[PDB]
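**Q** Before I ask anything, let me first share the structure, which is written out below as structure tokens.
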Amino acid sequence: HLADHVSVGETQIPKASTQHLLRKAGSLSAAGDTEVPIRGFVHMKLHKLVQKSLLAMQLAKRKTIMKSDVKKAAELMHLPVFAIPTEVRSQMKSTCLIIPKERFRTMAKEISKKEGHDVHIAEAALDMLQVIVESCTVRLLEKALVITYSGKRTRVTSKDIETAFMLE
Amino acid sequence: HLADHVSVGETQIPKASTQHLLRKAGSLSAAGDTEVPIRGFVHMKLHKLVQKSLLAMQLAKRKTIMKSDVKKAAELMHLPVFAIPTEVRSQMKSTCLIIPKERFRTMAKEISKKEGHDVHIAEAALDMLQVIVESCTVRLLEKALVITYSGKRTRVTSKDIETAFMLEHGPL
Amino acid sequence: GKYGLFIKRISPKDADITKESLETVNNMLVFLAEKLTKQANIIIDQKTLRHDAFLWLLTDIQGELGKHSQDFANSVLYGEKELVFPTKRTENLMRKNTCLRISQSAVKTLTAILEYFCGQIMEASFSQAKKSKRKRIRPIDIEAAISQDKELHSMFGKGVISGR
Amino acid sequence: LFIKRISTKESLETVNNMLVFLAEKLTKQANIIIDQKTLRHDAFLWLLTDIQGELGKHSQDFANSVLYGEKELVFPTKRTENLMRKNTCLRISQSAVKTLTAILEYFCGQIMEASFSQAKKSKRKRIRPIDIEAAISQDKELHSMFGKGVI
DNA sequence: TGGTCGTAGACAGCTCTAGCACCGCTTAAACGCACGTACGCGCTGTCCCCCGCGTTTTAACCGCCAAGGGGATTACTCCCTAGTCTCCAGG
DNA sequence: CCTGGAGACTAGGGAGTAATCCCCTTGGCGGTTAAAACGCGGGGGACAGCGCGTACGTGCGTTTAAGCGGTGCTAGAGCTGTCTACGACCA
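Chains as they are written, first to last, in UniProt numbering: chain A, 15 to 100, 131 to 212; chain B, 15 to 100, 131 to 216; chain C, 5 to 168; chain D, 9 to 15, 22 to 165.
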């Protein structure tokens, strides 16, 4: 269960992000407890990605993550990234980042410190992490949504979300 | 959907074989129409695999497939395998395989004929084919059983396995 | 692998394209080429690659679109049609993903299939834009368009695109 | 072929196949992750430092012990050389082959003991495919590592 | 075990630029609180279609058995391609 | 005015081709048996239907923290010349 994965001490994703994500996935409205499983999921995914990123880091002995690092991390997991560094209708057209940005730099710094490598990070890697994490989470929510329809129910539930994740 | 995949005029898997497969999945009971979706699913997987194997055979300027062609196709599906040719609860220990051998050979011959290739098949290629197909079908059936339990129900219906297929793959 | 000029050249459907979209489609095509050539490497049993191998590798692709593609390949190889992408850059990216021997005919076939998929992607984008009127093809015109067609998504899908 | 010496022809074939598959996959991962022209044992060492649990810690500790010391190293270096050279057009060194031999023999030991435990749970003194199937399914981390395959 | 041979990835030194940390401001969203209700839960009372059982055709399978056919092997030829070259005309 | 690319050849090494004998498949025939298919209460899971409170959709105020730069800065990511040191290829 993802319930044990979330802990106390690290930074908190605001709930409004959760309802916005559910609206993006097409759901009607969120339940009173759905925040914890989704926050755990996003935290664990970012943990895995940043860990593989540090794996790439240790190879070149550098101390800043470049777009090459994040793209290698994405591809070794077999994810074809296409981004480049260079009431549902109310947000269907909108494709901006739905999460505040400073929160994830704070998360990245904290997880890197927890691993034990205070390392500077560039914005392009942040954008790549943004897109990959949003894609994964919207996929998972869509899976849960079709499951909860399949149960002849018009609502989402923590049981639904965790069984959807397990179904992978 | 999946039911449309089957058509009148071709051989089919025995119904009792389907029932044994569902029991091997651990399901205590099933609906009366469960045979059709799994028949379609196994036919589709066999069709794709045999087409890919035929392509591999054609590449080598060959006239009859070997285990090498099948293993190359298997690596092609990004699906590893470690095989080399060289009441209900008291049943999972059984390793004996379900679908009869000659039925599967007839299926292969028909699906090759529909491709216009009277190509001989070696038994090692068979072994690989039925083992991989039973693996995929049992995995799909287990996922279906899980999603049925999640529905706070105790049996399985055709809509259930349809949903299971919809989740695992993408559209259509 | 910067094919943007050739994209505009092979795109007669004006509708001035966002600079980002050229990079997106460039990544799209280069990923297609990489996956399909790793495919060709894993399927072959002989040291020298052959054009007919690529032909068959595209032949199994579901639908009459594969036969259209191979017809275009025959046309460009000998029938009536020419190519616009450079051969040399394609050969370089070819060598970057194999340790085998490759002839020019395979290069011609690969350039043809790149022509073909570029044509379909640009026309689908323009059709989706026309469904949404206005002009100036945007990123949104890719998603829910690749998702619009059943076969494209059924064979490409997966790949993460900007937002969703 | 030497797994029997480490310790049922079919089970030996299965263990050899799964070992060579793991070696091939790890070599592919190492080749694709590195950016410099040649690879060192440190690359595989870091590849070890991602397996959650104390088992990965023992894996890396034993790799380090083999590098500093000798342990057993009964595996043919030439066979390993053939295995990665068949699927790599890059540069290698002997430290890497020693490390990969150590890690593969460690995995062989783990799977052997898991099979023995599973067989003893079923009251059987022989090696059979159903026992290794039950063992590989039972362990969580091995199932996560080997779930992609089938046998 | 030793010769050498090579080339190449650490190493050091420079540099300039891009993250970084803080400042500050401002204002827009997160959240907490009220209210009123839609629905998932919960229960109930009938329903009909799998599910064990039983009996009763049949054709899968195995074993043999002849047979043949094309496939792994060997031997032979050749021409196609990388692969160096080269200098030179188009860009 | 460059530069990469349009020819040139050119040989070898793989690509293409022919023969062959036997192993491995392939088709067929037969015995029968294990299995596959056809009824049967029933009863138990499913479902139509009734009832609710409570979790939650929507609305309102407020802050406080997130974003937009603004700026000084530095550190540390690249760029560029050694060398010795560690594989490779040989005895």
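C-beta: ideal position from N, C-alpha, C; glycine also.
(1) Determine the chain D residues that contact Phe96 (chain B) at a beta-carbon separation under 8 Å, and present them in chain order.
(2) Check the Cβ of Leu73 (chain A) against every Cβ in chain D and list those closer than 9 Å, keeping chain order.
(3) Would you say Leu216 (chain B) and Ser158 (chain C) are within 8 Å of each other, going by their C-beta atoms?
(4) By the 10 Å Cβ neighbour count, where 16 or more other Cβ atoms means buried, how is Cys140 (chain A) classified, buried or exposed?
(5) Anything in the stretch 179-196 of chain B with a Cβ closer than 8 Å to a Cβ of chain A? List those residues in chain order, please.
(6) If I measure Cβ to Cβ from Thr32 (chain A) and keep anything under 7 Å in the same chain, skipping five residues before and after, which residues do I get?
(7) Are the CB atoms of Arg37 (chain B) and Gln135 (chain B) within a distance shorter than 8 Å?
(8) Quick one: residues in its chain with C-beta nearer than 8 Å to the C-beta of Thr150 (chain B), no 5 flanking neighbours on either side, listed in chain order?
(9) Could you check if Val64 (chain A) is buried or exposed, using at least 16 other CB atoms within 10 Å of its CB as the buried criterion?
(10) Which residues share a DSSP beta bridge with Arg105 (chain C)?
(11) Answer with yes or no whether the minimum CB distance from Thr207 (chain A) to chain B is below 8 Å.
(12) At least one CB of chain C closer than 8 Å to the CB of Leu93 (chain B): is that the case?
(13) Have a look at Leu60 (chain B) and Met71 (chain B) and give me their C-alpha separation to the nearest angstrom.
(14) Just confirm the distance between the C-beta atoms of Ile117 (chain C) and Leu62 (chain C), as a whole number of angstroms; I'd bet it's less than 8 Å.
(15) Hey, out of D:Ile47, D:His55 and D:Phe76, whose CA is closest to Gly123 (chain D)'s CA?
(16) Do you know whose CA, among B:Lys66, B:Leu35 and B:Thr198, lies nearest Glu178 (chain B)'s CA?
(17) Give every residue of the same chain whose Cβ lies closer than 6 Å to the Cβ of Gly54 (chain A), excluding the five residues on either side of it in the sequence, and list them in chain order.
(18) Can at least three beta-carbon pairs, one atom from the stretch 160-169 of chain A and one from the stretch 70-89 of chain A, be found at a separation below 8 Å?
(19) Tell me whether the beta-carbon of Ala87 (chain A) lies closer than 8 Å to the beta-carbon of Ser67 (chain A).
(20) Can you pull the chain D neighbours of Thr100 (chain B), defined as C-beta to C-beta under 8 Å?
(21) Could you name the residues of the stretch 32-48 of chain A whose beta carbon sits closer than 9 Å to any beta carbon of chain B, in the order they occur along the chain?
(22) Would you check if the distance between the CB atom of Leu69 (chain C) and the CB atom of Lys112 (chain C) is smaller than 8 Å?
(23) Is there at least one Cβ from chain C nearer than 8 Å to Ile176 (chain A)'s Cβ?
(24) Straight-line CA distance for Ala188 (chain A) to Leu42 (chain A)?
(25) Three or more C-beta pairs under 8 Å: does that hold for the stretch 5-16 of chain C against the stretch 190-198 of chain B?
(26) Mind checking whether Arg93 (chain C) and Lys51 (chain C) have CB atoms under 8 Å apart?
(27) Determine the contact status of residue 21 (chain D) and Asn101 (chain D), defining contact as a CB-CB distance below 8 Å.
(28) Tell me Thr115 (chain D)'s beta-bridge partners as DSSP assigns them.
(29) Consider the Cβ of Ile150 (chain D): report whether some Cβ of chain B lies at a distance smaller than 8 Å.
(30) Locate the alpha helix (DSSP H) running through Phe96 (chain A), then write down its first and last residues.
(31) Taking the straight line between their C-alpha atoms, what separation do you get for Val164 (chain D) and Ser156 (chain B)?
(32) Taking Cβ-Cβ distances shorter than 8 Å, what residues in chain B pair up with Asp64 (chain C)?
(33) Taking the CB atoms as reference points, tell me whether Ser79 (chain D) and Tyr120 (chain D) lie closer together than 8 Å.
(34) Who are the neighbours of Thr139 (chain B) on chain D, taking C-beta pairs under 8 Å?
(35) For a quick check, are the C-beta atoms of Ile191 (chain B) and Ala168 (chain B) less than 8 Å apart?
(36) Could one say the Cβ of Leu60 (chain A) lies closer than 8 Å to chain B's Cβ atoms, at least one of them?
**A** Put simply:
(1) The residue labelled residue 96 (chain B) in the question sits at position 82 within the second sequence. What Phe96 (chain B) touches in chain D: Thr28, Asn31, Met32, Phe35, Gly163, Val164 and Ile165.
(2) Here the question's residue 73 (chain A) lines up with position 59 in the first sequence. The answer, in chain order, is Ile47, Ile48, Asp49, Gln50, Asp56, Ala57 and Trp60.
(3) For the purposes of this step, residue 216 (chain B) is identified with residue 172 of the second sequence, where counting begins at 1. For the purposes of this step, residue 158 (chain C) is identified with residue 154 of the third sequence, where counting begins at 1. Yes. Within cutoff.
(4) Taking the first residue of the first sequence as position 1, residue 140 (chain A) is located at position 96. With fewer than 16 Cβ atoms within 10 Å of its Cβ, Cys140 (chain A) is classed as exposed.
(5) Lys187, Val190, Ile191, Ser194, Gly195 and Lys196
(6) For the purposes of this step, residue 32 (chain A) is identified with residue 18 of the first sequence, where counting begins at 1. Once the five neighbours on either side are set aside, the close Cβ partners of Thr32 (chain A) are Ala44, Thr48, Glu49 and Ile52.
(7) Reading the second sequence from its first residue, position 91 is the one you call residue 135 (chain B). Reading the second sequence from its first residue, position 23 is the one you call residue 37 (chain B). Closer than 8 Å, so yes.
(8) Residue 150 (chain B) sits at position 106 when you count from the first residue of the second sequence. Cβ neighbours of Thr150 (chain B) beyond the five flanking positions: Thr25.
(9) Stepping through the first sequence from its first residue, residue 64 (chain A) is reached at position 50. Buried, since its Cβ has 16 or more Cβ neighbours within 10 Å.
(10) In the third sequence, counting from the first residue as 1, residue 105 (chain C) sits at position 101. Paired residue(s): C:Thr52.
(11) Here the question's residue 207 (chain A) lines up with position 163 in the first sequence. It does; some Cβ of chain B falls within 8 Å.
(12) For the purposes of this step, residue 93 (chain B) is identified with residue 79 of the second sequence, where counting begins at 1. So, not an interface residue.
(13) Counting from 1 along the second sequence, the entry for residue 60 (chain B) is found at position 46. Counting from 1 along the second sequence, the entry for residue 71 (chain B) is found at position 57. So the two alpha carbons sit approximately 16 Å from each other.
(14) Along the third sequence, one-based indexing puts residue 117 (chain C) at 113. Along the third sequence, one-based indexing puts residue 62 (chain C) at 58. Yes, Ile117 (chain C) and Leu62 (chain C) are in contact; Cβ-Cβ is about 6 Å, under 8 Å.
(15) Position 109 of the fourth sequence, counting from 1, holds the residue named residue 123 (chain D). Cα-wise, what sits closest to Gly123 (chain D) is D:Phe76.
(16) Here residue 178 (chain B) refers to the residue found at position 134 of the second sequence. Cα-wise, what sits closest to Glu178 (chain B) is B:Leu35.
(17) Along the first sequence, read from residue 1 onward, the residue named residue 54 (chain A) stands at position 40. For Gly54 (chain A), where only same-chain residues beyond five positions count, the Cβ hits under 6 Å are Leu16, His19 and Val20.
(18) The answer is yes - the stretch 70-89 of chain A touches the stretch 160-169 of chain A, with three or more Cβ pairs under 8 Å.
(19) If you number the first sequence from 1, residue 87 (chain A) lands on position 73. If you number the first sequence from 1, residue 67 (chain A) lands on position 53. Contact flag set, yes.
(20) In the second sequence, counting from the first residue as 1, residue 100 (chain B) sits at position 86. Contact of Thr100 (chain B) with chain D by beta-carbon distance below 8 Å involves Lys23, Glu24 and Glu27.
(21) none
(22) Within the third sequence, numbered from 1, the residue matching residue 69 (chain C) stands at position 65. Within the third sequence, numbered from 1, the residue matching residue 112 (chain C) stands at position 108. No. Outside cutoff.
(23) Looking up residue 176 (chain A) in the first sequence gives position 132. So, interface residue.
(24) In the first sequence, the residue the question calls residue 188 (chain A) occupies position 144. In the first sequence, the residue the question calls residue 42 (chain A) occupies position 28. Cα-Cα distance, rounded: 13 Å.
(25) no
(26) Position 89 of the third sequence, counted from the start, is the residue given in the question as residue 93 (chain C). Position 47 of the third sequence, counted from the start, is the residue given in the question as residue 51 (chain C). Against a cut-off of 8 Å, the Cβ pair of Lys51 (chain C) and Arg93 (chain C) comes out as no contact.
(27) In the model as presented, chain D runs from 15 straight to 22, which leaves residue 21 (chain D) without coordinates.
(28) Here residue 115 (chain D) refers to the residue found at position 101 of the fourth sequence. Answer is none; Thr115 (chain D) lacks a bridge partner.
(29) Working through the fourth sequence from its first residue, we reach residue 150 (chain D) at position 136. False, the Cβ-Cβ gap to chain B never drops below 8 Å.
(30) Against the first sequence, residue 96 (chain A) aligns to sequence position 82. Looking at the DSSP string, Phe96 (chain A) is not in any alpha helix (DSSP H), and its letter there is neither H nor E.
(31) For this step, residue 164 (chain D) is matched to residue 150 along the fourth sequence. For this step, residue 156 (chain B) is matched to residue 112 along the second sequence. The straight-line gap separating the alpha-carbon atoms of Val164 (chain D) and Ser156 (chain B) is approximately 26 Å.
(32) Here residue 64 (chain C) refers to the residue found at position 60 when the third sequence is read from its first residue. Per Cβ cutoff of 8 Å: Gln65, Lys66 and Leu69.
(33) For the purposes of this step, residue 79 (chain D) is identified with residue 65 of the fourth sequence, where counting begins at 1. For the purposes of this step, residue 120 (chain D) is identified with residue 106 of the fourth sequence, where counting begins at 1. Result no, Cβ atoms of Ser79 (chain D) and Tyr120 (chain D) do not sit closer than 8 Å.
(34) Along the second sequence, one-based indexing puts residue 139 (chain B) at 95. The answer, in chain order, is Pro143 and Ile144.
(35) Along the second sequence, read from residue 1 onward, the residue named residue 191 (chain B) stands at position 147. Along the second sequence, read from residue 1 onward, the residue named residue 168 (chain B) stands at position 124. Not a contact, by the Cβ cut-off of 8 Å.
(36) Here residue 60 (chain A) is taken as the residue at index 46 of the first sequence, counted from 1. So no, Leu60 (chain A) is outside the interface.
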